[PDB]
Structures are given as C-alpha cells and as structure tokens.
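K.L.:
What follows is a structure written as structure tokens; I'll ask about it next.
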2 protein chains.
Amino acid sequence: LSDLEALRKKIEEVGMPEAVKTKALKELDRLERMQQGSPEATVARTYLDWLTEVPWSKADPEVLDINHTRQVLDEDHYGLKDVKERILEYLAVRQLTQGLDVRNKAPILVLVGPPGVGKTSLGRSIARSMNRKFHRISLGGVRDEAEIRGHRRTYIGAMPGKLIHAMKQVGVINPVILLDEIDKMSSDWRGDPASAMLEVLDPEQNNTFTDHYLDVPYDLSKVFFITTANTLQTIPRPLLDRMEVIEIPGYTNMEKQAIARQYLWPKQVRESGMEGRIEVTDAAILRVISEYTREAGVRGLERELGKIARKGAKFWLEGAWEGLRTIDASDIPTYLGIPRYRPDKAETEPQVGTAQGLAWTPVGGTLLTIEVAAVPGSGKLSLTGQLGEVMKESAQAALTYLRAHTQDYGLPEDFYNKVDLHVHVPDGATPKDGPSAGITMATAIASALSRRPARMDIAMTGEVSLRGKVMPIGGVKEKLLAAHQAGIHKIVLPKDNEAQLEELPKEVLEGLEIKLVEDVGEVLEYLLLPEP
Amino acid sequence: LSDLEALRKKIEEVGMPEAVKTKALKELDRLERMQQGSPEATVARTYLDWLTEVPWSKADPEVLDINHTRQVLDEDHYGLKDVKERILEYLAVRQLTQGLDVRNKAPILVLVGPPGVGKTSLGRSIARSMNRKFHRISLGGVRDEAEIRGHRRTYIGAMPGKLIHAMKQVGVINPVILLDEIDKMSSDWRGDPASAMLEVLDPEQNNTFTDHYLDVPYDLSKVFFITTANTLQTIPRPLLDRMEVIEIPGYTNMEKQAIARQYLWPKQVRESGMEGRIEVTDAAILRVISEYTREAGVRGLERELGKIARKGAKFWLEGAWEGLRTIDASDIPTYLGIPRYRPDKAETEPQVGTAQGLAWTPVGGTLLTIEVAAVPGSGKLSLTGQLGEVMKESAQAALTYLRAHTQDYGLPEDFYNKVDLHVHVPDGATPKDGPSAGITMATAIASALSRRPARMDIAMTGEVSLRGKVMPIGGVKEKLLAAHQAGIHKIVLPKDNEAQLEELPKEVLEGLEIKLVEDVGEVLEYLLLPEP
Ligand SMILES: Nc1ncnc2c1ncn2[C@@H]1O[C@H](COP(=O)(O)OP(=O)(O)O)[C@@H](O)[C@H]1O
C-alpha cells in the first residue's frame, strides 16, 4: 500500500534523535503489513503522524528581561494585581536557574480557585512573554493512565495519548502545556494516576518517561509544565508536593469590569462576528454581576456577554437603527432576559432570630441564612442542615457564652431548661475547614433568645470564645471576595487579621466596610438594632 | 528480532541463580511470534524487564566503620547527640553481626517523629555512612494488600509492587530503602497490608520474600531497611514486633538557628541561583523561625528560606546593587509576608479562664489551649471537644481538689451545686492519652471558678490525684520540646520527674526554666497570682 511509502518518506526526511529514530523505525516496521484489513495499525499510523510533526532542535527562548516579561504578563486577563507577583517570582527564579541553564528543579506554578477565572488566558500571556507555543490538554476527561500513555500495538484499543497530542501541533520542542481539572482523577486502572503525574512533573524524569505505548526515552526536560487546581482538598497528596500554590479566587466588580473592557467583551464580539455595532458600559456589567451572576469567575460573565453580543449581532442583521447598541441597566431585559436573583439579597424581610454569615465554597461564596427556632420547651438541641461536628461544638460554645450573661441581653431567668433549639443551616456541610460561621449562628441564637430585630447585609466569618474572644482565621481574602460579589458591603472580622490586610487588593477594601470586633459582645451589640 | 536478542543478552550477562534461569528459559519460548501475534509477547517482554534489569549479584562496597559514621552525622547534620547515639548503637550491633552468623533477630529501625524533623536527611546520612544508595519510597496513601506485592503474571497491563521497581532503580543488591509514613496504612481491601509489610520488614522471612508478580522468592536479607512513621499509636501490632523506636521530636529554637546557618541557608541560596552576594543576620533567621514557622523541624523553614532566596533573586537580578546585601529583622516582611505568629507568648496578657496545656500531636508538638466556663446552674460537668472520658475524670478530680481546698482559693465552701462546667477542648482528640494535661485542667477550672486570670505564658503537663499529688508522665522531653516550639520558656513539671532533668541534653534546656512541683497547690500558686 502507498501508506507505507508515504510514512517512510515522512520519516526519512525529518531530523530525528537516535533513540526516537529507532522508535520510528520500529513503528515503520509495524506498518509493513496491511492497514485496511486490520484497523489496529491505523491508530499506530495516527500516533506516528503525531510523532512526525513533533518539533526537534527548534525552540523559542524566553525574553531574558524579567521586567519585559512582567510587562507582557500585565495582559494576562488582568490577573488580580496580587497574584501576578508570584508568577513573575517563579519567572525571575527561571532567570538565575540551577546550573545556569533552562531547568525547573523546583515547583513550577499552579492556579487554585473557582474554574470560572481566566486560567487559560494567563497561560497564553505567559507563552506570549516567553515566545513559546501555548497549548492545553484537559486532564479532567482523563480518569486512567491511558490518555497520557498508550496501549502498545499488540491488541485492539490503542488510541493516541494526549501528551503527543500536545506534542503534535506545536512548533517548539519545549511548549507550555496546561492541565486543567487536576483534582478529579480516581483509581480505575493501573493504580493511582497521580504517580505518572509526579513522574512527568519531575524536571529530570520527564526526559526518562517511557509510556505504556513507548519503549524509548523522549525529550521533555526543557518542556515547561503548568496545571490548574479547583479544590485543594481533593488533589492527591503526591500532587500537593513540588507545587507552589498561588491563590487565585474570583474577581470583584471593578476587576470584572476591567476584564470586560479589555479582554472579555472585545473577544466575545470577535466570537459573535462583526464589530463596531455594540457597546457595554460599566453600569451594565455592575448590574449584571449584582443581579444575574453571583458566582466567582468570568466564564458565567463570558456566556452572558456572549448572549448579549449575539443578540446585538442579530439586531444589526435585522436592521441598523442605531450605530452601536448600549446597555444602561434599563434595556437589559431585551438584551439578557428576566432577572433571576434578587439585588441586595439581605433585603428579604429581616426576621427576629436569624443572622447572615460568609461561607466561601471553592466554587463560589454563599450567604448562610441560619435560622434558630427558640421555642419555649425544657432544653433541646436540633441541629439540621448536615452540619459538621465542629459546627456543633461552636454552637454549644455560643450557648455557654450566652449563658455567661444572664441579664445583660435582656434574657429570661434561664433557657437551658426553658428553650429548645432547632438550628437550620442552608448548607451545614461547609467546605471551609473548621468553624467558618460560628459567630454567625452565635448571633442567630442570641437574636432568637433576645427576640429583637437583627441587622442585615453584614456577613461574617470566624469563631467564638467561651470568655468572649475571636481568633484570627485564614483565607480571609476569599471570603472578602465572596462578600463583595454577594452584595455584602459590611464585614465583621477579628482584630488579629488586620495585619494581614496590607496584602489585599485595593478594590476589595474600597467596596467593603470592615468593622473589627474583639469580643462576641461587640458583634452582638452592633447587629441588633437595640442593644438588649 | 532485535528486542529478543537484547532480552537474551540481558538474561546472559546478568547472573541469576539457575532456579531463575529455568524461568528465563521457560519464558524464552513465549517469544516465538511477533508482538501482535499474541499479547503474551508484550507481557513476556515486561516480565523480562522486571527480571533481568533488576540487579543480581551486584553489591556496593559496604563500609564497616563506626566513628566515621559519627563524623558523617556531624558532617551533614548540626547534631542530635541523642538520636545519633542510638543510631550508633544499632549500627554497632549490625557491625558485630551480619557475617556468616545467622543471628538476625534484631529489630528494624523506626524513626518516630513529626514531619520534617531530620529523618530522610538522617536516612541519607546513614546511607552515605556505609556507602549505600538511598531510595525513598513513600507508602503513604496505600490501602491495597496487593500494592506492596505484584499481581497475576498472566496478562499484560499490571505492574509489580513498589519494592520490585524501587530496587530495579538501584544497580546493587543492598541499597538503603527508607520506608515512609507507615502509620497511615489502612485496610480498604482484603485484609490489612500490615502483614504484606511484615513479610518484607523482618529478616527471617524476607530473605525468601515472595510477591505475586515474580515467580521467584527474592533475597532481601542484605538490604538495609529504615522506616519513617509520624505516629506510633496507629502502627500495626503485627508490624510493631521487631521494631526499635528511635524517637526524633522537634528541634529547638537555637538549634533551628544553628541548622539554618550551617546547612539550610547555604542550601537554599545555591538552590535559587545565588552564590554569595546575600548576607542574612542571625536576628533575621530567628525572626523567620519564630514568626513564620510552627511546624517541628525545617520543612517550613525550607519554604521560608526558599522565599527569601527568590526575593533575593528579584533584588539582585535587576542589577548588582551591592556586593553582599544584609537582611536584618526590619526588612524581613519586605521579603516575606506579614508575621503570622507572635514573637513571644509573654504578650498574651493572661486571660481570666484559660490554661495552656502541652501534648505531642503526631503531626508535631502543639499547645492545648483548654478553656472552660462557669455558669451559675445546679452542678454538672460537660466535656466538649470529643475527647475521651479520662479528661472528664481529670476535670472531676480537679473539682474534688478544689472542694477539699476551698479555703485556699476564696470560693464559697459549696459550689458543686451551683456551677455547671463546660470543658471545651480545642482539638478532636489527644494522642498522649490519660490525664496528660491534668494540672492544665486543674488550672483552667481553678481560674474559671475563682475568676482569677491565669498566666498564658507557662506551658505545663502532669496528672493529678483525687487527693492532689502530681504523678510522673512519660515523654517529658516531648512536652518540653512542644512547649519550646510555642515560644514558651517557662514550664511547670511534676517533681516526681526530677529524675527526668538529667537524661535530657543541654541542647534542650537552653531557655526553658522548669519550675518543678509535687502538689497541685504549688502549680496553682505559680499561675493564679493575680486577684482583681
Ligand atoms: N540537622 C538537620 N536538621 C533538620 N533538617 C535537616 C538537617 N540536615 C538536613 N536537613 C534537611 O531537612 C530536610 C527534611 O528531611 P527529613 O526531615 O529528614 O525528612 P522529612 O521531611 O520526610 O521528615 C532534608 O531535605 C534535609 O535537607
């Protein structure tokens, strides 16, 4: 058949390394036989063709100016203005490398947070600065060690791997390969998939990687590696090491507006066809964020502005009555549709014994509207919502703290023998480890016992102390972003976290009011309209 | 067939016993047809890889010296002088035996200690001592009995256990193999992999060690073993015999400075790419240690010093401003984050109703900030923290002591019928079982009932009696080190442990000022000094 001759002519001209030349000889030996009566060799032909187009002795060196590299990364989907410094930190590390040559010998980089952020655009900016050919292969669709490796040409089911797929359509021997959804691979075949992942991620062992489908070494040392994380608590332990975690949660109103004005909306109208006949203002984006998408990231905003751009394209195609289409938070029902959420979510007829608190999930922050039913009984505790045991410990701690004050809060003679508690949480299984809303449901119980109207729009995070203290907590930036996105402008935090606030985005501080407390007494006094 | 030729020679020059030569020749016939002719060809090739690439009859020169190893322990590490002596004991015992004498009933080392306290480093120092190759193999994350061994050698697609590949890595029969994290071995399969590790970790049976993948009982008699274990409680009893425990608790603050100055700081400086143009004062080292790390050892220190090196890569890369830049304690947050830990615990401003306990949690030493409350009720004790009932017993013992000693603490003569005690313990459970914090709870309850603040700068440990007589407690060194790593240098100890003040090195008693007590009266005299 002409296939053998074509493959021989494709192999015999490309300059190839000796071991890979011998592997090409092996594959050419396989394809000696018929390629039409047995399709088990056609996939070998596809693998060879992907291997033929692998670049060799041709690479794009990075720009040696770290300052110019930062200048190029300044267009990485706007980043966060506080996460880019660690990226360019690793880049500067890559400017005084070990042995004065291109090699990692260290954790490379990672993006942790909600999937809606611009994970791919930042890697594209990295490639643009470094001049290498960007490419990505998603590992979320890979659940077995058979799509980064293969299945040797001796039985049916030898589909090509994703590694050579990235190696195929690339012009540089050292590309940047992005691996999204790294926290969903389980054990299905050939043991733990993370073992091969850590074998690849090694800067010295990647060159010594022999797949299930390959029998010779393959050059991967200089190839830059990059991954993306969604939930840090699900990634396998052999993947938590040799990995510099860069916390990149969602964006504020101002960050999202800048992304839309610089990266999102022009690209969306690129995807929708024509340009110069639509316009999106800051007020429209703010209203959409505050009324249509409360999640974290811009992918939902990507879809929304894509819908708006497609609509405007249809309006222009059906008749150009206006030079450009503008949205000013008044004609948005035609552009997008009926609103789904409620602006100012705290404006839900504030009841007597309910409080609101932050609970930053890795997919997006939420407000915990925990209600406490202080029915007059003889002392009971009904804890619903599937809440963790630490949440119950925090609840009992709040109970005894409220016990510590008899008549200060206008409480009755007793409630341990007179009040039955039925505490409900919108989702008790809080992904945030430890007590995330202990002070919140403490305030809820106090309101249910004092029986006075409570303040809304103040979302909280932290825990209580039996003598009236609050301890500092980690991940305050993510919860502050959750409050900013969820229409919350007042946040109560412990004093001890304030020293950590000098490394936060200025837009978060501008958009939020922070009133610090040291004791549960203050946070209880400032959340009920009357002190008693 | 070139592959068949290569496999045939690989059989030839490698010297296996004729019992294995029989298997080699019995697998020779399985390669009488090409790869696609039968999948048995691929599994035969894989088995030949697992057999004739694993070394046979090859041994590195064993070193049999015993003060040279003292130098090596001093060359690489700053010096333990407690663990080092016991390693000398084991090595000397191995030296006087292990010739032609079948006396190998000796236990295999287990280096029980928190993560990053000098175990793998100690392992590689030991390996260099006898000129043996080191291959860490982390067993953490293994729950399958057949992950240690192989599987059926009847189909292609399966790999042997960790041992076969791990010793395939080395080219000699006798490398040091540091088994790791043996405590997290769970049984999520048929039986417990504890026996699958006992068959290899005992010299009398692993000399004929058998795995599923291989059909020959391999000889592991000559292979040194050494096992890391963050926990001793969860080590299986079948794997607890023939075990000698070499405790390695955490380091000390001045030892931390010394290890940073001697090896850690130069290590990370050459790691980043810097070669002697950065100066770091000891004050900056201590600031890093006591403000940015609370883990026992150097792992956190390794990360922080890597951060220092990378920010130095910043501030020397863009120009050689200075020949030797000096970092004091003032500019350490210019290179790092905000100080996330306090300098010293003396600034705690003693709180009314809390006591500072001591324990050795197998992830690293830590305080037990046990807190309690005094609500006016009818008299009832409530444990909170999901600890054992033994802590409730200790609390009741302390309550009885106060009842018998009410004249000494100003309480009303009858409080057992008026106060309800909520003993909130922060952690879920403590490893150092029993009333290992009995005097801590005595202090906490005494402070709560009397409303007298307790000094939150003195870390303590010791049991109590129902009449009140503190008792000896095991692991006094553990409690002292846990107190030291909390920035605490004043410790209350039971006077019956006065014998446990000389066996400890002077490398631990630097700033710790032990104030021994024999009765609860003295330990409550040290703390409940203020009376507002
Ligand atoms: N004397 C020492 N004390 C503490 N750490 C040391 C010492 N010497 C070297 N180290 C470093 O500590 C690191 C941690 O190793 P080790 O604690 O032995 O293993 P693990 O981190 O698994 O407990 C090693 O990489 C080593 O470079």
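Values quoted throughout were computed directly from the atomic coordinates according to the rules given, and no laboratory measurement underlies them. Please note: Cβ atoms are built from the backbone with ideal geometry, for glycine as well, and neighbour counts cover all protein chains shown.
K.L.:
Output the pairs from A:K184/B:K479; A:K311/A:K479; B:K84/B:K184 with a Cα-Cα distance over 30 Å in this structure; if there are none, say none.
P.N.:
The answer is A:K184/B:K479; A:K311/A:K479.
K.L.:
Still on this structure: Over all distinct alpha-carbon pairs, what is the Kirkwood Rh of segment B:253-336 in angstrom?
P.N.:
12.7 Å
K.L.:
Hey, if you put +1 on the Cβ of every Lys and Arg and -1 on every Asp and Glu Cβ in segment A:1-126, which of A:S125, A:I108, A:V20 ends up farthest toward the positive end of that dipole?
P.N.:
A:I108
K.L.:
Taking H placed 1.01 Å from N in the peptide plane, check which residues at least 5 places from A:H422 or on another chain put their amide H under 5 Å from its amide H.
P.N.:
A:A373, A:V375, A:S382
K.L.:
Right, something else. Any idea what diffusion coefficient segment B:424-529 gets from Stokes-Einstein, in µm²/s, Kirkwood Rh on alpha carbon pairs, 25 °C, 0.890 mPa s?
P.N.:
174 µm²/s
K.L.:
With every atom except the alpha carbons ignored, what do you get for Rg and Dmax of the protein assembly as shown, in angstroms?
P.N.:
In Å, with Rg to one decimal and Dmax whole: 33.2, 106.
K.L.:
Still on this structure, I have one more. Hey, with R₀ at 35 Å, roughly what FRET efficiency would B:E389 and B:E413 work out to, going by the Cβ-Cβ distance, to 0.05?
P.N.:
Once rounded, the FRET efficiency stands at 0.80.
K.L.:
Continuing with the same structure: Taking amide H positions as placed 1.01 Å from N in the peptide plane, with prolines and chain starts having none, which residues 5 or more places from A:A437, or on another chain, fall under 5 Å of its amide H?
P.N.:
A:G462
K.L.:
Follow-up. Based only on Cα atoms, what Rg/Rh ratio does segment B:1-89 have, Rh being taken as Kirkwood's radius?
P.N.:
That ratio is 1.34, to two decimals.
K.L.:
Okay, moving on. With N set to the residue count of chain B, report its C-alpha Rg divided by 2.2 N^0.38 Å to two decimal places.
P.N.:
1.21
K.L.:
Could you work out the per residue convex hull volume over the alpha carbons of segment A:409-457, in cubic angstrom?
P.N.:
Dividing the Cα hull volume of segment A:409-457 by its residues yields 110 Å³.
K.L.:
Long-range amide H contacts for A:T361: which residues qualify at under 5 Å (H placed 1.01 Å from N, peptide plane, sequence gap of 5 or more or a different chain)?
P.N.:
Close amide H contacts, sequence-distant or interchain: A:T366.
K.L.:
Still on this structure: Would you work out the charge dipole size for segment B:66-247 about its Cα centre, treating the Cβ of every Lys and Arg as +1 and the Cβ of every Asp and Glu as -1, and quote it to the nearest 20 debye?
P.N.:
420 debye
K.L.:
Limiting things to C-alpha atoms, what are the Rg and the maximum Cα-Cα separation (Dmax) for segment B:173-305, in angstroms?
P.N.:
Calculated on Cα positions, Rg and Dmax stand at 20.7, 60 Å.
K.L.:
Kirkwood hydrodynamic radius for segment A:354-527: how many Å is it when counted over pairs of different Cα atoms?
P.N.:
By the Kirkwood definition, the hydrodynamic radius is 16.1 Å.
K.L.:
Using the eigenvalues of the Cα gyration tensor, what equivalent ellipsoid semi-axes result for segment B:66-247 when each is taken as the square root of five times the eigenvalue, whole Å, largest first?
P.N.:
28, 19, 15
K.L.:
For the protein assembly as shown, what is the mean residue ellipticity at 222 nm derived from helices alone (per DSSP H run of n ≥ 4: -39500 (n - 2.57); sum divided by total residues; nearest 500 deg cm²/dmol)?
P.N.:
After summing the helix terms and dividing by the residues of the protein assembly as shown, the value is -10000 deg cm²/dmol.
K.L.:
If you don't mind, there's one more thing I want to ask. If you average the alpha carbon positions of segment A:7-74 and of segment B:407-441, how far apart do those two centres end up, in angstrom?
P.N.:
71 Å
K.L.:
Quick one: what are the phi-derived ³J(HN,Hα) couplings along segment A:171-185, Karplus 6.51/-1.76/1.60 with θ = phi - 60°, whole Hz, x for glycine and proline?
P.N.:
x, 10, 5, 10, x, 10, 10, 8, 10, 8, 6, 8, 10, 9, 7
K.L.:
Let me ask something else about it. Among A:406-417, B:270-281, how do they line up by average Cβ neighbours within 10 Å per residue, starting with the highest?
P.N.:
Ranked by mean Cβ neighbours within 10 Å, highest first: B:270-281, A:406-417.
K.L.:
I'd like the mean, over residues of A:91-99, of how many other protein chain beta carbons sit within 10 Å of each residue's own Cβ.
P.N.:
Counting Cβ atoms of other protein chains within 10 Å of each residue's Cβ and averaging gives 5.
K.L.:
Give a residue-ordered list of calculated ³J(HN,Hα) values for segment A:323-330 (Karplus: 6.51 cos²θ - 1.76 cosθ + 1.60, θ = phi - 60°; whole Hz; x for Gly, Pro).
P.N.:
Those phi angles translate into x, 9, 9, 10, 10, 10, 6, 10 Hz.
K.L.:
Looking at segment A:116-189 from every direction and averaging, what is the projected area of its Cα convex hull in nm²?
P.N.:
Average projection, Cα convex hull of segment A:116-189: 6.1 nm².
K.L.:
Next question, about the same structure. Using the beta-carbon distance between B:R340 and A:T334 and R0 = 51 Å, what value does 1/(1 + (r/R0)^6) give for FRET efficiency, to the nearest 0.05?
P.N.:
The computed FRET efficiency comes out at 0.50.
K.L.:
Additional query: Can you tell me the relative contact order of chain A? Whole percent, Cα pairs under 8 Å, sequence separation 6 or more.
P.N.:
13 percent
K.L.:
Taking θ as phi - 60°, what are the ³J(HN,Hα) couplings along segment B:499-515 by the Karplus curve (6.51, -1.76, 1.60), each to the nearest whole Hz, with x for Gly and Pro?
P.N.:
Coupling constants for segment B:499-515: 5, 8, 10, 10, 5, 5, x, 6, 6, 10, 9, 5, x, 5, 10, 6, 10 Hz.
K.L.:
Related question: Would you please state the base-10 log of I(q)/I(0) at q = 0.09, 0.13, 0.22 1/Å for segment B:300-435, with intensities from the Debye formula using one equal scatterer on every alpha carbon?
P.N.:
Treating every Cα as an identical point scatterer, log10 I(q)/I(0) equals -0.50, -0.75, -1.37.
K.L.:
Using the Cα centre as the reference, give the magnitude of the dipole from point charges on the C-beta atoms of segment A:354-527 (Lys, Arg: +1; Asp, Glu: -1; all else neutral), rounded to the nearest 20 debye.
P.N.:
400 debye
K.L.:
Moving on to the next point. How well do other chains shield peptide A:390-397, expressed as the mean number of their Cβ atoms within 10 Å of each residue Cβ?
P.N.:
3
K.L.:
Taking each label point as 7 Å beyond Cα in the direction of the beta carbon, state the distances from A:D328 to the same residue in the other copies, shortest first, in nm.
P.N.:
Ordered by increasing distance: 6.0 nm.
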